[PDB]
DNA sequence: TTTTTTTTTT
Ligand SMILES: [Mg+2]
Ligand SMILES: [Mg+2]
Ligand SMILES: [Zn+2]
Ligand SMILES: [Zn+2]
């Protein structure tokens, strides 16, 4: 009614950034350079420019937003006429709204308003095409005319074809012409409330969201996203009666963000510390007294070695950890911590997981009737960490399903007429108890660990945690009580920035192995194998996998400090933690 | 015959509460401040002010309620004109009326009248939106005018669109405009009759209830509620012919209360008793001769310690109790009691429960065809108590499914392509028999208890109940016979108010640990660990869990006395019952 | 036919 297009262009051209940079003229120019079709504007900036326009953007979104998009398209097309004939429509995507609604707490009064929802994305569909401007043909030996049907408008959520020909005025048959039809990319996804938000004793709620055009395929299942958009009622057949006055809610999304500049500077400044490795290790599960070898090993597992992908084969880069320990030894608490700190992790329990749930499930969809594949835990954990607590509670017949994923990092299935293989490039961090609950030193290591060697060799480090009371006891109790009282530790790396640091290291640091490090690894591996032949009753074998583990561990020691080369220091650190592991499983060098 | 709006406004503004407080203008102020759209009035106050108004409220509800709501809306908007343009309708929810029909016993003549139903809420749907005034648009190259269709009325339970356009007079197709459409929150729930109401040998009946607007999400599954409302007939498709002359009954809810003020003074005055802990303990299972240590343990488990939720981890606050005893030692009876007295509790049997039924089940809902998550017992008991009777009757391979819930207080599953973890912050109180039905004193404690160390360490206190005949026998018999005769115990706390006291204490009392109590706990814990290192054969270990249990128990003794600090007395009481526990399983100190 | 589940059943 009162047009804001000039207001919007003045906002774009003149809104000064932080250093008088013209934040949005820079974003516009960069958009045109890379030919991206979507301009993101912060809502706080709009409220800082024109309060009235910001109100219209939130409350009258459906119609004020395309007008702004048209003004932006015109301005862009003046800036560079070559945008025409490449992109016909741009988007004005509003990000960072003031108030976020908790998914469960939306009510009637939130429909039609532009709102934000924070939640975990659990499911997406393939990419489809939605018609927004149809072109029909009246089949009749008189008309035979093509016409755009959603005239002066746009095709609604429901699909409706005309009943009266607007080109002649005579009813009849209408055939859809796909040649002269205009479509937009379309994807349905489901987001559910953050686990910390689910009320006591209830199950998490879900909400269906719709992503169109360049929003399609912008996040993977498991990603915690912050969607901005508009709510509406889900119509499956509303033109017919017979009760059913009730509807579901969905969000048409205009903006989405997952999980970023000062963070890089901070992680770099952190890694200038000559003792940064010790810092990270002491930052691992800080409310747990002791278990430094385990904190080190878990930190290594967080960082991981370097995967080698070649012309014929590929070689695993991820580090697997196994902690077999007495009851009450902070195992599950540490595993909970690393699932929290890791940039991408999945938490599973040996008794809570199936063979199919951990790898891939073949589910018979009761709709079409046909069989389809669903990603299990190790596949969703691709690119991250999968934690298997209480791994001795898995059925062995179920547990062997992860052997392929642990070494070749693929889950390959051939079932119900479908043959496929998925990537399960996930690092396994596992914990369990010995055969008799606690470790029994009176018995050989073999019948006490009670795991096959085929899976033991898959583990780079295997520590046996014995809970033996000694002089440590008093210290322990004091530490625990200080934890209960609320006395947190100082000079630590907070879990969020530790996560950001791990993510950066994994994304950007690929350490190369130096010759001196390679010589130390070979020499220690030979010594390892010679000592291993001395006790063949041990179910802990020394295989080429252990040489690869020395590689991966030294690579991760380098990675942890952000180093681009694996120097002698990192090789020695690897040999030493390896030697600790071997001492615990009863192997003296 | 009398304009009841003036009477109602007089009731609100001038009704003196208990201490001449003007109860309802104060409730109006709180409602207007927090911008809530619903004012609760007790029916007894209305009957105490104006019998004729109360009679009109219950008997002539259908028309009297909107008039009163309009009067209240006018008054509210006079209090704060900013209420305008935020909320157009207020709610007058009358609570506690004396027209309470038992669920099974409703009949025809009770339809249309305002009645109350006391029952357990078992199932709810997600929160949906029911249209209550649609706005259509006539699609035709001549009309194209917008109009609200349910004109001069409101959309009925069935959804009906017009057949004739009122803006032109021409029939055709009508498009729903969700923008100009009016919606109300909608939620279907199921309530079933109280177990004391279920006829002999039959199954409990159920009834469908509908909660709209702010009534939505006002109770969780498991809650015993008292729903007030009006009954009506269920319509799934009634406008078309073809048989189906029979209808189901449901309640449109207007008011609901779960499970409330002077009780605070009652429990506070109770807590001034210098021996209040002994009173509570003697109020536990009053019909059972002896077993006072178990009664104490159950009282502690009812109260529970303080959970610590920190930056990285969280630390369990609930107290787990295990009673392993000879047959016929009043175990099941005491457990039944604590399930009755606990403000929220779940009762299960080792042979009656699954590993999936106790934690969480992956159910293939045959409607959507896809796999769905269902809360098991330990998840439903979040924030309360779950009692596992006959726990020795579980398969061990099934029982380990609760280990995670017992320590980390989450049930996490990964199956059929879905990964989730729910909160299971419930205290487990379990009982079972020894390996040989009765305890065998000629055989070691290890194979007599017949439980893994991994589950035993999860239990803060484990009592071995032997039924050995001595001088106790005659006293026992006399107590039993008096119980049969109907001679109840004096100087007792009735179960209903003891439940209320427990509720208040758990909700509001967070005991802090003093330095002296912490030092006492540390010393005793070190003594425990040395004494345990003396006995390496037992299945009862001493792990960090036992130190955490001393923390929880002393915290709970303070909580039981409503103390805000953990004094030396509470630490000493905790240490002594721990010492008793250790004596029963066989450790002298 | 696969999968989780409770159940009767090859
Ligand atoms: Mg554990
Ligand atoms: Mg029994
Ligand atoms: Zn025509
Ligand atoms: Zn019309």
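Positions of Cβ are generated from backbone atoms using ideal geometry, with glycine treated the same way; all protein chains shown enter the neighbour counts. Bear in mind that the values in this text are calculations on the coordinates, not laboratory data.
Along its first, second and third principal axes, ordered by size, the stretch B:210-256 spans 40, 20, 18 Å in Cα coordinates. Inter-part distance, the stretch A:188-251 to the stretch A:330-380, computed on C-alpha centroids, equals 22 Å. Note on residue A:397/residue A:535: beta-carbon distance plugged into 1/(1 + (r/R0)^6) with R0 of 25 Å gives a FRET efficiency of 0.30.
For the stretch A:263-585, what is one quarter of the convex hull surface built on the Cα atoms, given in nm²? Show your work: numbers first, answer last.
On the way: hull surface 77.7 nm².
Directional mean of the projected Cα hull area for the stretch A:263-585 stands at 19.4 nm².
A label point on residue B:264, set 7 Å along the Cα-to-Cβ line, lies at 5.6 nm from each of its counterparts in the other copies, closest listed first. Here the gap between residue B:374 and residue B:264, fully extended at 0.36 nm per residue and compared with their Cα-Cα distance, gives a gain of 36.0 nm. Axis between B and A by rotation; chain B residue with nearest Cβ and distance in whole Å recorded as B:366, 7. P(r) tail, the stretch B:172-296: Cα-Cα pairs separated by more than 24 Å, 62% of all pairs. Tell me whether the stretch B:403-556 comes out rounded, prolate or oblate; compute the Cα gyration tensor, take square roots of the eigenvalues as a ≥ b ≥ c, and use a/c under 1.5 as the rounded threshold. Because its axes are fairly even, with a/c under 1.5, the stretch B:403-556 counts as rounded. In the stretch A:111-179, the convex hull through the Cα atoms has an average projected area of 7.4 nm², a quarter of its surface area.
Distance from the C-alpha centroid of the stretch A:522-589 to that of the stretch B:16-80: 76 Å, rounded to the whole angstrom. Projecting 7 Å from Cα along the Cα-to-Cβ direction, the label point of residue A:163 sits 1.3 nm from its equivalents in the other copies, listed shortest first. Summary of the geometry: the stretch B:275-301 and the stretch A:128-177, compared by the centres of their Cα atoms, lie 79 Å apart. Shown for B:200, A:44: other C-beta atoms within 10 Å of each C-beta, ranked fewest to most, produce the order B:200, A:44.
Averaged over peptide A:478-490, the number of partner chain Cβ atoms lying within 10 Å of each residue's Cβ comes to 4. Give, as ranges by residue number, the residues of the stretch A:131-155 whose backbone N falls under 14 Å from the point 7 Å along Cα→Cβ of residue A:173. Of the residues in the stretch A:131-155, A:137-145 have backbone N under 14 Å from the label point off residue A:173.
Here, P(r) means the percent of Cα pairs in each 10 Å bin from 0 to the largest distance; for the stretch B:4-95 it is 16, 54, 27, 3. By other beta-carbon atoms within 10 Å, ranking B:69, A:151 with the fewest at the front produces A:151, B:69. Packing around the peptides B:430-441, A:565-576, taken as the average count of other Cβ atoms within 10 Å per residue, puts them in this order, highest first: A:565-576, B:430-441. In terms of its Cα atoms, chain B spans 96, 60, 53 Å along the principal axes, sorted from long to short. Normalised radius of gyration (Cα atoms, divided by 2.2 N^0.38 Å) for the stretch B:297-369: 1.51. Shape analysis of the stretch A:403-450 yields a ratio of the Cα radius of gyration to the Kirkwood radius, Rg/Rh, of 1.26. If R0 is 56 Å, the Cβ-Cβ spacing of residue B:478 and residue A:340 corresponds to a FRET efficiency of close to 0.45. Using the alpha-carbon positions of the stretch A:375-488, Rg (one decimal) and Dmax (whole number) come out as 18.8, 62 Å.
With a 10 Å cut-off around each Cβ of A:106-118, the average count of Cβ atoms from other chains is 3. The length gained by stretching the chain between residue B:289 and residue B:310 to full extension, at 0.36 nm per residue less their Cα-Cα distance, is 3.3 nm. If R0 equals 41 Å, the separation of the Cβ atoms of residue B:194 and residue B:164 corresponds to a calculated FRET efficiency of about 0.20.
Per residue of A:371-378, how many C-beta atoms from partner chains lie within 10 Å of its own C-beta, taken as a mean? Let's see the in-between values first.
Details: counts 0, 1, 1, 5, 3, 6, 5, 1.
Average neighbour count from other chains, rounded to a whole number: 3.
Order these by the 10 Å Cβ neighbour count, fewest first: B:562, A:335, B:380.
Values: B:562 19, A:335 27, B:380 23.
Ranked by crowding around the Cβ, least crowded first: B:562, B:380, A:335.
Per residue, chain B reaches -10500 deg cm²/dmol at 222 nm when only DSSP H runs of four or more residues are counted, each adding -39500 (n - 2.57). Summarising the label geometry, the points placed 7 Å from Cα in the beta-carbon direction at residue B:436 and residue B:512 lie 5.3 nm from one another. Quick check: from the Cα gyration tensor, does the protein assembly as shown come out rounded (a/c under 1.5), prolate or oblate? Verdict is oblate for the protein assembly as shown.
Label zone (residue B:108, point 7 Å along Cα-to-C-beta; backbone nitrogen cut-off 18 Å) within the stretch B:209-251: B:231-234, B:244-250. In this assembly of identical copies, the label point of residue A:404 (Cα plus 7 Å along Cα-to-Cβ) is separated from its counterparts by 2.4 nm, sorted shortest first.
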